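Given next, in C-alpha cells, is a single chain: the form deposited in one PDB entry.
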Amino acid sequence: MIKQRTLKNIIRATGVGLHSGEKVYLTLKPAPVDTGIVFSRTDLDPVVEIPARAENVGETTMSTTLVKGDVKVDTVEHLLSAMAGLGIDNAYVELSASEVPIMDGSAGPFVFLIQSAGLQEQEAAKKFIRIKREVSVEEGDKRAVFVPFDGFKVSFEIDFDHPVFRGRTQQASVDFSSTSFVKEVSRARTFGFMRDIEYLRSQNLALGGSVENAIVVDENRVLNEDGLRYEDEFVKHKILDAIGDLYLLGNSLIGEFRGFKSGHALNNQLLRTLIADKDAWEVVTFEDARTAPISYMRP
C-alpha cells in the first residue's frame, strides 16, 4: 500500500513577515490521517484553524490567501509547495501572525524544516487525484491547463521582453518527484522589479521584502549581488508557485499542468473548475501491492 505521511517530530522556525516586517513564529506539527495541511493562528484566542483547501482561498493578489471569516493567513504557497514536494499529507502549521514568514523567497527553507522534522508513514492509504480529461482557464493572454498524464508534470512559460529578460530561459518543464523537486525547483526565489518594491515601500507595504528574499531586477539587469541560483530561476519559481497553489486540492495530483503567464488567481480558478467537473477527475489509491506513478522521498 502507498501510505499517507506526516512529520515525525515537531519543528519550530522564525522569520520576518513580508507584509508586517515583524518577527513571525512558525511551528510544524504532526497530524492524524486525513487531516491534510491545516494552518492555525495561535496568536488568537480561541485559536483559529484554516484547512489548506481551495474553498478557503480568499485573495490571490500577490500571494495565495486562506480565509475563515475575518481571519486570514497569506503567503501560503511556498510552504505548501514543499509539503507537496516531499509528499506530506498531514500536518499542522501554527503561526503567530496572519502570514507565513517569507524566509528566502523560495521553498528551500521549508524543505529543510520538513527534512529536519523527519517523515512518518501512517497506516492509511494515500489518496491521489487523477486528471481524467482536459480542463483549462484563461484570463486575457494568461492560460492554465490540466491534461491527463501518468505521473506529475508541471510546465510553465513566461514572456518578458524587457532587456533584463530577453534571451534568458523563460520556459521549463519538470517531471515531478521528491528528488527533482528539491534540487531543481525548491530553491527558486520569487522575483520582481525594484520599482515595484519602491512603490510598496512607499505607502508602507511589503515591509519585510528586499533583495534578501527575492530576485530583484531593474529594466536592464539583476540587482542581487550574487546573481541567480539557477539560470532558469525565474520560470522555476512559477513552477514552484503552481505546485503550491495546486496542493490546495488537498491531495497529490496525477496529471500534467501547463501555465502561460499564470498566477495565483488563475491557478485557483483552474482548481475550482477542475473540482466542479466531476467527470474530469477521480480519487484513487494504490493498495494490495499496487504502486503510484509518482516517486516520493523515503522516510
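Numbering starts at 1 and runs along the sequence shown. Heads up, when I say rigid core I mean the largest set of C-alphas that superpose within 1.5 Å between the two forms.
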- Query: Which is higher on average in the deposited entry, the C-alpha temperature factors of 198-206 or of 144-152?
  - Reply: 198-206
- Could you check the entry and say whether 36-44 or 54-62 has the higher mean CA B-factor? 54-62
- Selection from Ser177, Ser96, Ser81, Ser106 [criterion: highest C-alpha temperature factor in the record]: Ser177
- Query: What third of its chain, lowest, middle or highest, does the C-alpha temperature factor of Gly87 fall into?
  - Reply: lowest
- Message: Lowest, middle or highest third: which one holds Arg290 when the chain's residues are ordered by CA B-factor from the entry?
- Response: lowest
- According to the PDB entry, is the CA B factor of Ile11 in the bottom, middle or top third of its chain, that is, lowest, middle or highest? middle
- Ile131 - which third its CA temperature factor falls in, relative to the rest of the chain: middle
- Query: In terms of the chain's CA B-factor thirds, is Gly250 lowest, middle or highest?
  - Reply: middle
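What comes next is about the form deposited in another entry, which does not appear here.
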- Message: Let me spell it out: fit the two forms on their rigid core, measure each listed C-alpha, and pick the one of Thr179, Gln120, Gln115, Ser136 that moves 2 Å or more between the shown form and the other one. Which is it?
- Response: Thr179
- Item | Post core alignment: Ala289 C-alpha displaced by 2 Å or more between the shown form and the other one | yes
- Rigid core fitted, then: does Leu205 show a CA shift of 2 angstroms or greater between the shown form and the other one? yes
- Task: Classify the change in Cα distance between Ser178 and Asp175 in the other entry as closer or farther, relative to the shown form (magnitude of 3 Å or more).
- Result: closer
- Message: Since the Cα-Cα distance for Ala289 and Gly87 shifts by 3 angstroms or more in the other entry, is it a contraction (closer) or an expansion (farther)?
- Response: closer
